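Shown next as structure tokens: one chain only, the form deposited in one PDB entry.
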């Protein structure tokens, strides 16, 4: 089983640049889908950025055009870069990995512990 470890989150000001990375213990080659999800109080879990099997990049409608997602099998770590972040879209970020599957029906959905990012209004 491949373990996921999240890092890079922290306190940033509005309009700044931020980095984020979920690293995997094993090689991320057969994973047909990998994404990120905000969890914030008073609302459900929301998709942020992800990529799939056919190397097609998926971005959320309220996120599109600002977040850049990449992956590298050499360092087995999926990385995110945020620019022009606003105070109102801050939450805790989760990395999710899904694997292909055949005789069983169990889901190979792996999550990270999550890293919390807080953004306040600029002063």
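For the two forms, the rigid core is made up of the largest set of C-alpha atoms that agree within 1.5 Å on superposition. Numbering follows the first chain given and starts at 1.
According to the entry, the deposited sequence places 4 to 9 unmodelled residues between residue 101 and residue 102.
Missing here is the form deposited in another entry; even so, the following discussion is about that form.
After superposing the rigid core, the Cα of residue 11 is displaced by 2 Å or more between the shown form and the other one. Positional change of residue 53 between the shown form and the other one stays under 2 Å at the C-alpha, relative to the superposed core. In the core-superposed comparison between the shown form and the other one, the C-alpha atom of residue 64 has shifted by less than 2 angstroms.
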